[PDB]
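Every number in the numbering used here is 25 more than the matching position in the sequence shown, counting from 1.
Cβ atoms here follow ideal geometry from the backbone N, Cα and C, with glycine treated the same way.
What follows is a short report on a single structure.
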Amino acid sequence: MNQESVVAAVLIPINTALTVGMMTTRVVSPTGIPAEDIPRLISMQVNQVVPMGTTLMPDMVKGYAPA
């Protein structure tokens with residue numbers, strides 16, 4: 026029951042295009058966006074200032090959506 030969740034590998038500001046070099050996978054709680062959405066978050070900007078280490082949420086990304 027330990028699924029890797031997207032984690033701001035770096036200080037991700039608001040309305041900031043997400044990249045593969047900005048996010049990361051880590052077993053954080055609560056478990057947010059799946060590491061499988063990492064490549065789905067790319068090109069997508071955040072709707073909030075997400076600090077480095079702050080789990081990425083689905084309601085914390087613009088134009089985002091599950092798959």
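query	result
Environment of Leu36 [buried if 16+ CB atoms lie within 10 Å]	exposed
Continuous alpha helix (DSSP H) stretch holding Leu66: start and end	63–66
CB of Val75 within 9 Å of CB of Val53, strictly	no
According to DSSP, residues forming a beta bridge with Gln70	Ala42
8 Å contact criterion, which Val45 and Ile63 should meet: CB distance rounded	7 Å
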